[PDB]
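In what follows, one protein chain appears twice in different forms, each by itself as structure tokens: structure 1 and structure 2.
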Structure 1
């Protein structure tokens, strides 16, 4: 009788609260189970293997490729086209891409995350920039200048464990990452030149090449040791809460442009488990969560940005100087390639990046080795294919 909803994390307090309001509204009873992130993969596969699980599941966008192939997620194409609040035109195009496979829809975008430039407005002004850097040459130039402030002063952070960063810059320089035949092209000139460009901030001392052990407040606040970096919407909240000393001294901006300035697109979708016996009630719970005002309540309780475009007509987003920039970036942002072993490929990239920035490898030779590893990884599907 009760609609089982799987949410991911340590806590699902805010969703329980919206689920209790949904129940008061619809007479639909909802039980939210909290699945720790390090158990969700195997928990969901177990549900598939046992043809028994929740009715609605929170799906990280990068997990969609594997759970669609695994048969975990119901084809809801027909149901969402005739819905009020779940139609694909109502969501950011990149969020929509994460739901669509062989022309079919396996979920509804719920909340979206994209990566923007965080910068110290006073520090950029100091080195001659009235606005955020707008191009790769400016990001390079502004960062080298900021690094000459002092001994352990920097200009820009390249996070060596951030999976998106390499590929976001690659696409900006016109790498498609995989060609039309699915062949990896990490060793071709648009991607190789991108990695040379990222490597230049390390070699020139404008990006840290070790773990400085600074939290965001410590690195970005104060004198602004690392005065520019890239992050998601969660960092707005963190800076306001942990670095009040820099109030009115920082902003977000859209990423600097090369051929384009497009960012990554991630977050979560709501999907129906394939063997749900309550599809009707699942679709009703999902359509409530797709309503603009619920997306805005969710944003207030958890700072997750709406995937529903109409929510962005609210003043708390439209006219917020931090979040409006995430809204603009969202418009053209592109999910990381939606294949089941992307996270492995991100990881191989991480290692190659390390061999360059730390071990001084040649960029072209190292990208040749990386491209060969991706090819090998793709041939034998050791993980995540079904």
Structure 2
């Protein structure tokens, strides 16, 4: 009734729940945190919109902000965050702020950022002649194939078929804008088509697994390094340090390999107030509480997570820790996925087309024509909603 309901995701939800104890101690506001896996969170949010009942505070994946702003699910908090020492936009990376601001109105406060980088086994790269991480698409292909040639059930590089960012990241690296200046999808034009060919090359030549092997990060990257290279975010630094002691000093991260560029994705999460909340005041207090820079830095550093607030990167560990140095370097040019309200739907369509290619053996051009058409059809449906 007076309990503040907070919906949060994954491992970071534990830090939120723990920080919430002191908030309750200091205010007398009881907090209930529902911990939702990222794989289920989109559906949970759709259900909340359809029933107009949900939490008071919601942790929003950055890529879902356009969707849920457009759906009218997130409170416009522009006036409230403008007046705040700790939630004003000027504190946050411009890319992170782009995930919160639509048509001049602010719909959340950045909570953490992330970007994707290359994880690699330094010992195993050295053995196939790479003293440094692969720096180009050609090198990543070459190193991966040499690594897969260790033997039948040994690989070189992972492509996560459920990762929304992967095809879009590589596409931009090869000069695809993904949507052109007019908003027309261009997933069937040469830059993107060659991107998907390149990703499929690892599958077809046996250097990326073509099924889920069912190994944890420790078992695939650790030991003899069955999967000796992959792409992920800060959460994997923390996971590997905790779970793979056998490769201590035998792995590192590096910025992504380049094609025309090496741009990564900018993501993370924001805190937002659900528009139907009866406790908007207490929601805002919680957000402000959670935005205190020392409270933030404490859990961020402990988890190797990336702050969205700029001045946090002046902290000595963020400047000097090897993992943070690489994340900070990549963050410089990291861009959010297209900030469009059908993003998840489009990413899941990409996932199905990817599956058709890597598992079904579909032609990449034919499949990308099919995918692009699907995307244009979605966009036209939304257009028709805006034009009668």
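Rigid core (definition): largest C-alpha set, two forms, superposition within 1.5 Å. Residue numbers count along the first chain shown, from 1.
Practice task
State whether the rigid part containing residue 173 also contains residue 54, for the motion between the two structures.
Solution key: No, the superpositions place residue 173 and residue 54 in two different parts.
Problem - Smaller rigid part, angle turned between the two structures (C-alpha superposition) in ° - result: The answer is a rotation of 24 degrees for the smaller part.
Practice task
On a rigid core superposition, how far has the CA of residue 16 moved between the two structures, in Å, if you could check?
Solution key: Residue 16 is displaced by 6.7 Å at its C-alpha.
Problem - For residue 261, CA displacement between the two structures after the core is overlaid, in Å - result: For residue 261, the alpha-carbon shift amounts to 0.1 Å.
Exercise for the section: Check the Cα of residue 93 between the two structures on a core superposition and give its shift in Å. Expected result: With the cores aligned, its C-alpha sits 3.4 Å away.
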